[PDB]
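>>> coords below, sequence missing:
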């Protein structure tokens, strides 16, 4: 069974970060999209999952999500490995963690647990690691004696604004849930305007790849606990820091297949963990589009730093995923552009790839979060279409061609999940997908936004016509059904 899209992505990863294979990216065969029997699309964990109701009254997505989390953890035999943006899991997210661990202990096991969160310097931490550890210990009751906690918040670079942003749940390095959903009850659960987001659940060797990525973050995190400005750390039962929990779990036996789904796991180290992959002969011709509505404040890692690329292969991975499209791409994101200063307004290579797809007659759909959330960094959808026009002209020298491609081949809109322009409680819909789909064959689900950001992130790229058909039916077709009523008409179009 052929995988032209993964092939193209793996080529780009081998060119960019050969030395990070086996830790920050890895391609595997034999995975299973982990769907509960009776619900074959249930591996797709969207939230809230209330299409067609501005009252978001029947939240099938959230239900399925929290119960997959609980069950995955309830089945832990050795290791539970959680990462997220701060705060530490709370509300129903925490109940999943505690019920799962208690059930694991009840089954006779002694789980080792790492919970890791990134924290922006701006962010003042309500529940600090030691406070959060004590709360878990209290809720674990008599099970706490059987649970080895590691709990940490981290910031790898204040000046370059790098901290963990990956959203991972890895159990026994065998099951893994990942996507854009942070363990924050207020965004997703206790609200009449839930954030729309998506995770995916799988089992098999790609889960171990996610474990190896987390080992890479905890190796840095454990050592840098000597600097409390960067890492705050709390453990239970007098336990040491556990930097290689997943490698110990894996031992030396290779990972065993659970299905037939090929997957690339791909992450990034952000800034302040590893300067470069010295293995790499990556020598890019980088593009210099002078953005004159904000001459970048900080050093531009997204567009003008070869070294950054070598320790963040996810950037090129997403670029080549898009570039491997031969028929159509759907992009569902919070945003394509970042706030400048201090970050660059956009990723030039990403926009050049999209522009190239338009010029080639490839269909491009971009659905982003409503600008009224500004949970949105553009003042207008036309900032996206104008940038695509600028790059189109830069690459073809043909503004007439640019208008045909842009008016004929571009679908650009703000996100909606019902016929109403906003949630029934008056707040606009907020979109937090980090999703890219190509040719109804391969798709990215993970934490890496397409807009410029220099964080640790992680995600999976699946190539499966059956799975992508499910993604289309359960998410992309519904998204367009309601979002096209908020479509932009770009300047220069009828």
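Here it is on my side, so go on. Numbering: from 1, shown residues only.

>>> can you give me the buried ones in stretch 120-134?
Across stretch 120-134, burial judged by 16 or more other Cβ atoms under 10 Å covers 127, 128, 129, 132, 133. The C-beta positions use only the backbone N, C-alpha and C, and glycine is treated the same way.

>>> among these, which lie within helices?
Among those, the subset assigned to helices under DSSP state H consists of 129, 132, 133.

>>> check contacts around the first one.
Read it as residue 129. By Cβ atoms under 8 Å, 6 or more residues apart in numbering, residue 129 lies in contact with 88, 151, 152, 153, 232, 233, 234.

>>> and with 10 Å instead?
Contact analysis of residue 129 by Cβ atoms under 10 Å, 6 or more residues apart in numbering lists 88, 115-117, 149-154, 231-235.

>>> before we move on, what about the last one?
Remark: with contacts taken as Cβ under 10 Å, 6+ apart, residue 133 is in contact with 88, 115, 127, 144, 149, 150, 151, 152, 233, 234, 235, 236.

>>> got a PyMOL select line for the buried ones in those residues?
Selection of buried members from the contacts of residue 133 for PyMOL, criterion 16+ other Cβ under 10 Å:
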select buried, resi 88+115+127+144+149+150+151+152+233+234+235+236
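
>>> quick revisit: out of the contacts of residue 129, who's nearest residue 432?
For the contacts of residue 129, the residue nearest residue 432 by Cβ to Cβ is residue 117; the value is 16.4 Å.

>>> part of a strand, is the closest one?
Yes - Residue 117 forms part of a strand when assessed by DSSP: H, G, I helix; E, B strand; the rest coil.

>>> ok, for it, nearest residue in space, not its chain neighbours?
residue 86 (4.2 Å; Cβ to Cβ, 6 or more residues apart in numbering).

>>> quick check: the gap between the one you found and residue 222.
19 Å (Cβ to Cβ, to the nearest Å).

>>> returning to what we had before: among the contacts of residue 129, which are in strands?
The members of the contacts of residue 129 that map onto strands under DSSP state E are 115-117, 149-154, 231-235.

>>> that older thread, show me which of residue 86 and residue 222 is the more surrounded one.
residue 86 (23 against 19; other Cβ atoms under 10 Å).

>>> phi and psi next, for that one.
phi -60, psi 150 (degrees, to the nearest 10).

>>> okay but it is in contact with residue 118, surely?
Yes - contact status for residue 86 versus residue 118: in contact at 6.6 Å, counting by Cβ atoms under 10 Å.

>>> got any residues that touch both of the two?
153, 154, 163, 164, 182.

>>> out of those residues, which two sit at the greatest distance?
154 and 182 (15.0 Å).

>>> now do the strands in the stretch 301-450 of the chain.
Assigned by DSSP state E, counting those that start in this stretch, the stretch 301-450 of the chain shows strands spanning 328-333, 363-368, 410-414, 434-438, 442-446.

>>> which helices and strands does the second one pack with?
Spelled out, it's strand 363-368. strand 328-333, helix 348-359, helix 382-396, helix 399-409, strand 410-414, helix 477-483 (3 or more Cβ pairs under 10 Å, 6 or more residues apart in numbering; DSSP states H and E).

>>> relative to residue 452, which of these is closest?
Between these, helix 348-359 lies closest to residue 452; by Cβ to Cβ that is 9.0 Å.

>>> relative to strand 410-414, how tilted is the closest one?
Angle between the axes of helix 348-359 and strand 410-414 is 120 degrees (criterion: axes from the mean of the first three to the mean of the last three Cα atoms, to 10 degrees).

>>> re earlier: now the contacts of residue 133 as TSV including distance to residue 317?
What follows is those, written out as TSV (distance: Cβ to Cβ, whole Å):
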residue	distance to residue 317
88	29
115	26
127	33
144	40
149	32
150	29
151	30
152	27
233	31
234	34
235	34
236	36
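
>>> can I get the strands of the stretch 301-450 of the chain in CSV including distance to residue 73 and mean neighbour count?
Listed next are the strands of the stretch 301-450 of the chain as CSV, based on distance: least, Cβ to Cβ, whole Å; neighbours: other Cβ atoms under 10 Å:
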stretch, distance to residue 73, mean neighbour count
strand 328-333, 28, 23
strand 363-368, 32, 22
strand 410-414, 36, 21
strand 434-438, 23, 25
strand 442-446, 20, 26
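
>>> for residue 215, which of those strands is the nearest?
Of all the strands of the stretch 301-450 of the chain, strand 442-446 comes closest under Cβ to Cβ, at 17.8 Å.

>>> give the pairing partners of the closest one; include direction for each.
Partners of strand 442-446 in the sheet, by DSSP bridges, are strand 434-438 (antiparallel), strand 456-463 (antiparallel).

>>> return the distance of it from the chain's centre.
Between the centre of strand 442-446 and the centre of its chain there are 9 Å (Cα atoms, centre = their mean, to the nearest Å).

>>> specify the beta-bridge partners of residue 367.
In beta-bridge terms (that is, DSSP bridges), residue 367 pairs with residue 332, residue 413.

>>> shouldn't it be in contact with residue 479?
Yes - here residue 367 reaches residue 479: they are 5.8 Å apart, a contact under Cβ under 10 Å.

>>> report the angle between the longest helix along the chain and strand 442-446.
Secondary structure of the chain per DSSP H: the longest helix is helix 205-223. Helix 205-223 and strand 442-446 meet at an angle of 30 degrees, taking the same axes, to 10 degrees as the criterion.
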